[PDB]
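# Examining the three-dimensional arrangement
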Amino acid sequence: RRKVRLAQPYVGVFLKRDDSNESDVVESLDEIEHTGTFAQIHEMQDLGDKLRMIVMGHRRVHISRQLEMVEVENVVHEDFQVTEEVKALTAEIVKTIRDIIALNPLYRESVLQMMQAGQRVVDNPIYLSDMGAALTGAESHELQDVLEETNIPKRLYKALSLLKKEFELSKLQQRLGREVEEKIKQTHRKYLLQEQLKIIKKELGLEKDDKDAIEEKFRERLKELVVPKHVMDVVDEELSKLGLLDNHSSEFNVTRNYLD
Amino acid sequence: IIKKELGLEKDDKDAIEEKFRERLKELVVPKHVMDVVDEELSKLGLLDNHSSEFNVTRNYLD
Amino acid sequence: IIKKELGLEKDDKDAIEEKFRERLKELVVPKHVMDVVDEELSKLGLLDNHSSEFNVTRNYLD
Amino acid sequence: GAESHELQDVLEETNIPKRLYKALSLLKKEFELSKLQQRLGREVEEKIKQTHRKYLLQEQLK
Amino acid sequence: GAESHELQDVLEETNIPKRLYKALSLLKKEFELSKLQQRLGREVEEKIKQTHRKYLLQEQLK
Amino acid sequence: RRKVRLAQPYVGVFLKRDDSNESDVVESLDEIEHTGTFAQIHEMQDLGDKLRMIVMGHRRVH
Amino acid sequence: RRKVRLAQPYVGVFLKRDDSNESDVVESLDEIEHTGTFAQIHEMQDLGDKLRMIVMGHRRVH
């Protein structure tokens, strides 16, 4: 609120070091890395909570001594005069990004379609490389280590290596998952074969013992008898009830005992 | 085909039943109890091992 | 639409309910027993086939 | 898939048309079993599909 | 992946042996660059692997 | 489009020099390398881009 | 089939007037609107019938 009065509001974003501790930040200012991301303030929302500020990466800075604030934009972009192969790594980088997002979708593809290498609209290739590496799931420590790099080839290689590390972890997880699913399918398919055999052999073997070994056996047992109509209809009703009921129920067992 | 499929399958719960069958073997089993035991064995084979009815059936057989 | 290929459910049970409805048809059923039987049939419909209370209700209906 | 006995019996044939006929008949012999197995498998599969579709209709009613 | 200027300079050569020598030298240099990058990457991967296997076990834990 | 009516459709593929510049291509013509490769067009596809032409080198020339 | 041998394949398009009549198209040439639209034939398919012209508006004329 103190900076709203200012004509050009601004906000700075930094990165904490390992072993985060809220009390340490206020107690000592040395917890934050010398690297910082100075950027402008867009707008406050405060929908759920009272602090939902928007931050963006516009101007990187490396304070000489945070304790002692002097600053300068020593944004070094050393590059080779001959530019005929330098972008060759960019093609493989975009191909790797495409492979990662296809195999490991994380965000919408519309951003990639809007920014295409062939369009030539990319006036800041370094920022594009940073955005591409942003999709990397590496820890903030890896990001800080990459930032420590000053040579363009070294930083590009480290971003590519982090992409490859994420690729390796993701593909290992996917391979494990698909192997587990295929094991499930094999185990269930052998059981389906067993059920097919059971259906085929129920008549051949057990003669439908689940219900029929009782039904037909008692039918034949009564066949030799000159069965009165009363007990005949009673037996028919009892057999219908037995067929309706499941084989492993107490009511079914009592019905079977009465029928016997 | 039936016998080839039978030979292609290696799983069964028979051994426990055969235990009681051999227990009966040495005994000079009267026919009445033999047929009653066969009927109850068929029921046991029909029933799942974990059902309480199966437990009562197993106790009766023992 | 409730009736979508389902039989003997959400309607008169063929085994018992509908079976005894035709039995009641010929009789000159008094209103008292009419309502008592209607309530009993509703309870039978609300009860599962294999329950003891269902069996008692069916026997009373018989 | 003809057994080695069938292969030896075919080899015993001397006339070219006879051996060609026997080879075609062995192919038909294996094809009959393959067709029977395929038809039985798809029949059981469709039976399972219908048994599950009726349950799906019941679930839709619920 | 040599530079397009390298391709044009190879095209400049007229005699077959000279262009063959230039192509072989270009292949040698490109393979040496790839070999250097691969060796540096192997060293970096080894250094990253110095991270204790406890870290991978804790990754699985998390 | 203008070469569809032409009896023999063809195309010449070239290579530029360093410092690529779209404006200089139309402003000056010496940027394109003297060496070229004439070939016969195969077919237009234009899946999503209005120009997706297929280029193959057949007849080299300087 | 007569324009396949023509050195310059092109197909025209016009518009009709009110009270369309198929017989009047061949009996009189004045039924068609004077405006015309010449264009180039793209491809012949003849999937369902023997005539599946693909036409476009390329060169208008009066």
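Looking at the method and resolution fields of the entry, one finds cryo-EM and 3.74 Å.

## Points about the overall build of chain A
From N to C terminus, chain A includes nine helices and three strands. Beginning at the N terminus, the succession of helices and strands in chain A can be written as β-α-β-β-α-α-α-α-α-α-α-α. Seen along its three principal axes, the alpha-carbon backbone of chain A occupies a region of about 115 × 50 × 35 Å. Summing over all exposed atoms, chain A offers an accessible surface of approximately 20300 Å²; the carbon and sulfur share of this is 57%. Mean positive and mean negative side-chain charge positions of chain A (40 and 50 charges, respectively) differ by 3 Å.

## Regarding the pairing of strand β2 (residues 32-40) of chain A
All names here are of chain A. Across six bridges, the pairing between strand β1 (residues 10-16) and β2 is antiparallel. Opposite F14, over in β2, you have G36 as the bridge partner. Bridge count between β2 and strand β3 (residues 59-62): four bridges; the pairing is antiparallel. Bridging from a neighbouring strand, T35 pairs with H62 of β3.

## Observations concerning the sheet that holds strand β1 (residues 11-14) of chain G
Across a sheet, strands are paired by hydrogen bonds formed along the backbone, either parallel or antiparallel in direction. Residue and element names in this part refer to chain G. One open sheet holds the three strands; their spatial order is β1-β2-β3, and the pairing between them is antiparallel. Each end of this open sheet is capped by a strand with a single partner; those strands are β1 and β3 (59-61). Neighbour to neighbour, the strand axes of the sheet diverge by 25° on average, direction disregarded. Pairing geometry for β1 and strand β2 (residues 36-39), over four bridges, is antiparallel. Paired with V13 across the bridge in β2 is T37.

## Concerning the packing of helix α2 (residues 31-46) of chain C against helix α3 (residues 52-61) of chain C
All names here are of chain C. At their nearest, the axes of α2 and α3 sit 10 Å apart, and the two run at 150° to each other. The pairing of α2 with α3 is recorded here as roughly antiparallel in orientation. Crossing handedness for the pair α2 and α3: left-handed. Within the contact between the two elements, α2 uses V37, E40, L41 and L44 and α3 uses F54, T57, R58, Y60 and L61. Residue composition of the contact of α2 with α3, by class: six nonpolar, one polar and two charged.

The rules behind each value
Residues numbered from 1 in each chain as written, not as in the entry; some residues may be left out. Chains lettered and ligands numbered in written order. Part of a larger assembly, values for the part shown. Heavy atoms only, no water. Helix = DSSP H or I, 4+ residues; strand = E, 2+ residues; numbered from the N terminus. Areas by Shrake-Rupley, 256 points an atom, 1.4 Å probe, with all protein chains shown as cover. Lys, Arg positive; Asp, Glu negative; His and termini not counted. Charge placed at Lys NZ, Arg CZ, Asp CG, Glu CD. Pairing = 2+ DSSP bridges. Axes fitted to C-alpha atoms, helices over the stretch in contact; angles between N-to-C directions. Parallel < 35°, antiparallel > 145°, perpendicular 65-115°, else oblique. Left-handed = near helix turned anticlockwise from the far one by under 90°. Contact = heavy atoms within 4.5 Å. Nonpolar A, V, L, I, M, F, W, Y, C, P; charged D, E, K, R; others polar.

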